There are 2 protein chains.
Amino acid sequence: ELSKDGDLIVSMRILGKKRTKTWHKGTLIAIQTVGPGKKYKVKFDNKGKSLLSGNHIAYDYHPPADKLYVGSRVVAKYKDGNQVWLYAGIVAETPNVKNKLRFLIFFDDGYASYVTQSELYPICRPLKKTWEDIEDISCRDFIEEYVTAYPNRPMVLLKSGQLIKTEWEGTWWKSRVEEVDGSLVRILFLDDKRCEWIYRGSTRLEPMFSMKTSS
Amino acid sequence: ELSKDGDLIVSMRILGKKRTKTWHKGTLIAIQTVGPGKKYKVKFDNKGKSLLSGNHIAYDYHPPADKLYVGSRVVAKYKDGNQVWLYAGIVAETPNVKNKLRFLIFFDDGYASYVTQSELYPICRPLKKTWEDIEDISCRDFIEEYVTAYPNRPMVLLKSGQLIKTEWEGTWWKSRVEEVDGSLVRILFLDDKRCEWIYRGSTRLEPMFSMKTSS
Ligand SMILES: CN1C[C@H](Nc2nc3cc[nH]c3c(=O)n2C)C[C@H](c2ccc(OCc3ccccc3)cc2)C1
Ligand SMILES: CN1C[C@H](Nc2nc3cc[nH]c3c(=O)n2C)C[C@H](c2ccc(OCc3ccccc3)cc2)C1
């Protein structure tokens, strides 16, 4: 019965992670010391309840930009064009001139986007190695390499109109570069017209795959 | 050790459910008896492998319409911005005049959409009570009630431009009916301009939340 743990305190507003892997607002209604660490009981605003580890709760405020760094464990807004969801990720880039003063987020499922400071929430008790709670092993391993090598970031230069092969579902596909935005490129898959924003250091882009397998 | 279980045959193309709850093409590489039933080993096209229950694999073909019914357990195409994913659900409506010859799908996460016959795949070994493998209990219970009562479906009649309260994250929001499509309405949330398709029998729509209470 930990009524408090640092600035965590029962009755506070909080975000908690659900089994959809999206994050939702609620109230912290209990803290319990249990075996090695602590667990946080959240009552979500839709009345659901969950007992969560400290890396599965986030503060209901936007961190000051000067408290974030490459590797920071965050919850960020994800937008499909009509709906908005909150999903966990890693800060891959902080605001700078070339990225038009945005944060690049690497989400736990492998997606990447640029967001603003007002679209982020800090996870309360992230693991010492921030990537170690990423479920997708290929994503986890990529983040570990990326944060460890930062700022050494191999990327490929692409231009609008350029024709390249892009990976999807374990095979290569004919694709076209539609647009470049900072460290991201918008790829059109020519066969079925899906579009995707992809990190320019991703080995899903054949030139990066190659530039990295160049022997 | 089996090479065949009915028309599940080692080497066949298949869809398998991953931990993202999306479904992905692969090959059936093994059939194993483990404990009381069978498991199906799938090698995904990206070379990952999973040992899956029969309700977590689907055939890689579109079922004949008129072999689908209300309650059928299916995998359906979902549009996520400019991306397309496969996700499990239940058939809520079969093609008719009112729905412009489409299938209404109630997805396992509570979303609903109309799809065509070429956007569906049949799950290989669904449970006889097909909803019983839905993880979200509120969703599971809704589907059980819906299928049991079908065709008797309380729904509210809405028209484009109508202003109503719609529930989201446990509170009620000023919203507007933008469009009616069969048993779905497209709701604009006026505060933040999110848009969402919602079933006209959902108690997230204030008028339905009251029609139900009135009964
Ligand atoms: C960050 N990811 C992004 C993902 N998109 C995406 N990922 C990748 C990866 C490589 N490429 C791409 C790509 O192109 N995209 C477009 C959608 C994903 C998501 C997950 C659950 C959910 O659940 C919604 C929900 C439903 C019911 C109740 C609560 C929540 C909604 C969205 C979040
Ligand atoms: C069917 N549901 C629909 C859901 N949308 C949605 N649901 C609800 C529920 C009430 N309302 C709404 C609403 O408005 N929406 C818009 C997105 C959800 C999804 C899940 C995972 C995923 O993962 C993508 C992925 C990423 C990396 C690797 C593999 C896969 C992509 C999409 C699927």
# chains A, B, ... in the order shown; residues from 1 in each chain; ligands from 1

call {"tool": "interface_residues", "arguments": {"of": "chain A", "to": "chain B", "cutoff": "8 Å", "atoms": "only C-alpha atoms", "output": "PyMOL selection string"}}
result
chain A and resi 20+24-25+45-47+80-84+109+169-171+194-196

call {"tool": "residues_around", "arguments": {"residues": "residue 67 in chain B", "least_positions_apart": "4", "cutoff": "10 Å", "atoms": "only C-alpha atoms", "output": "list in words"}}
result
residues 63, 72 and 122 of chain B

call {"tool": "write_last_selection", "arguments": {"atoms": "C-alpha atoms", "output": "tab-separated table (two decimals), in the first residue's frame"}}
result
chain	number	residue	atom	x	y	z
B	63	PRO	CA	-15.29	-17.62	-49.28
B	72	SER	CA	-19.39	-16.39	-39.52
B	122	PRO	CA	-12.57	-17.76	-43.67

call {"tool": "residues_around", "arguments": {"residues": "range 95-108 of chain B", "least_positions_apart": "2", "cutoff": "8 Å", "atoms": "only C-alpha atoms", "output": "ChimeraX atom specification"}}
result
/B:76,87-93,110-117,134-136,139-140,181-183

call {"tool": "residues_around", "arguments": {"residues": "residue 132 in chain A", "least_positions_apart": "5", "cutoff": "10 Å", "atoms": "only C-alpha atoms", "output": "PyMOL selection string"}}
result
chain A and resi 126-127+137+140-141+143-144

call {"tool": "select_by_dssp", "arguments": {"residues": "range 14-208 of chain A", "states": "alpha helix (DSSP H)", "output": "NGL selection string"}}
result
:A and (137-149 or 206-208)

call {"tool": "write_last_selection", "arguments": {"atoms": "N, CA and C atoms", "output": "PDB file, in the first residue's frame"}}
result
ATOM      1  N   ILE A 137      10.667  -8.372 -31.357  1.00  0.00           N
ATOM      2  CA  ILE A 137      12.117  -8.515 -31.202  1.00  0.00           C
ATOM      3  C   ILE A 137      12.871  -7.768 -32.291  1.00  0.00           C
ATOM      4  N   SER A 138      12.391  -7.804 -33.527  1.00  0.00           N
ATOM      5  CA  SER A 138      13.127  -7.098 -34.567  1.00  0.00           C
ATOM      6  C   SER A 138      13.107  -5.597 -34.304  1.00  0.00           C
ATOM      7  N   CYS A 139      11.986  -5.075 -33.805  1.00  0.00           N
ATOM      8  CA  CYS A 139      11.933  -3.657 -33.439  1.00  0.00           C
ATOM      9  C   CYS A 139      12.878  -3.360 -32.284  1.00  0.00           C
ATOM     10  N   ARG A 140      12.816  -4.187 -31.235  1.00  0.00           N
ATOM     11  CA  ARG A 140      13.664  -4.003 -30.061  1.00  0.00           C
ATOM     12  C   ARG A 140      15.132  -3.966 -30.459  1.00  0.00           C
ATOM     13  N   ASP A 141      15.565  -4.961 -31.227  1.00  0.00           N
ATOM     14  CA  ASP A 141      16.968  -5.018 -31.620  1.00  0.00           C
ATOM     15  C   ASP A 141      17.361  -3.797 -32.428  1.00  0.00           C
ATOM     16  N   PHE A 142      16.458  -3.313 -33.287  1.00  0.00           N
ATOM     17  CA  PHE A 142      16.764  -2.136 -34.083  1.00  0.00           C
ATOM     18  C   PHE A 142      16.948  -0.911 -33.202  1.00  0.00           C
ATOM     19  N   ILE A 143      16.075  -0.733 -32.212  1.00  0.00           N
ATOM     20  CA  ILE A 143      16.183   0.426 -31.332  1.00  0.00           C
ATOM     21  C   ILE A 143      17.483   0.377 -30.552  1.00  0.00           C
ATOM     22  N   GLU A 144      17.843  -0.801 -30.044  1.00  0.00           N
ATOM     23  CA  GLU A 144      19.080  -0.920 -29.272  1.00  0.00           C
ATOM     24  C   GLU A 144      20.273  -0.492 -30.112  1.00  0.00           C
ATOM     25  N   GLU A 145      20.358  -1.013 -31.329  1.00  0.00           N
ATOM     26  CA  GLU A 145      21.430  -0.618 -32.235  1.00  0.00           C
ATOM     27  C   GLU A 145      21.388   0.886 -32.486  1.00  0.00           C
ATOM     28  N   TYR A 146      20.196   1.407 -32.789  1.00  0.00           N
ATOM     29  CA  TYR A 146      20.036   2.812 -33.153  1.00  0.00           C
ATOM     30  C   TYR A 146      20.453   3.750 -32.025  1.00  0.00           C
ATOM     31  N   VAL A 147      19.925   3.541 -30.815  1.00  0.00           N
ATOM     32  CA  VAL A 147      20.259   4.428 -29.714  1.00  0.00           C
ATOM     33  C   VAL A 147      21.728   4.273 -29.355  1.00  0.00           C
ATOM     34  N   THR A 148      22.249   3.055 -29.462  1.00  0.00           N
ATOM     35  CA  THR A 148      23.653   2.850 -29.116  1.00  0.00           C
ATOM     36  C   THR A 148      24.573   3.540 -30.118  1.00  0.00           C
ATOM     37  N   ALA A 149      24.251   3.472 -31.405  1.00  0.00           N
ATOM     38  CA  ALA A 149      25.090   4.089 -32.424  1.00  0.00           C
ATOM     39  C   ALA A 149      24.872   5.599 -32.540  1.00  0.00           C
ATOM     40  N   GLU A 206      15.761  -0.890 -50.325  1.00  0.00           N
ATOM     41  CA  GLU A 206      16.813  -1.720 -50.905  1.00  0.00           C
ATOM     42  C   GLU A 206      18.177  -1.041 -50.904  1.00  0.00           C
ATOM     43  N   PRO A 207      18.305   0.243 -51.249  1.00  0.00           N
ATOM     44  CA  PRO A 207      19.627   0.886 -51.196  1.00  0.00           C
ATOM     45  C   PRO A 207      20.253   0.874 -49.818  1.00  0.00           C
ATOM     46  N   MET A 208      19.449   0.934 -48.771  1.00  0.00           N
ATOM     47  CA  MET A 208      19.971   0.885 -47.403  1.00  0.00           C
ATOM     48  C   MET A 208      20.287  -0.583 -47.123  1.00  0.00           C
TER      49      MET A 208
END

call {"tool": "residues_around", "arguments": {"residues": "residue 62 in chain A", "least_positions_apart": "4", "cutoff": "6 Å", "atoms": "only C-alpha atoms", "output": "list in words"}}
result
residues 118, 120 and 121 of chain A

call {"tool": "write_last_selection", "arguments": {"atoms": "C-alpha atoms", "output": "CSV table (one decimal), in the first residue's frame"}}
result
chain,number,residue,atom,x,y,z
A,118,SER,CA,2.2,18.7,-27.5
A,120,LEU,CA,3.9,13.4,-26.3
A,121,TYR,CA,3.6,12.0,-22.8

call {"tool": "select_by_dssp", "arguments": {"residues": "range 17-213 of chain B", "states": "strand (DSSP E)", "output": "number ranges by chain"}}
result
B: 17, 23-34, 37-44, 49-52, 57-59, 73-80, 83-93, 103-107, 112-115, 120-122, 163-168, 171-181, 184-189, 195-199
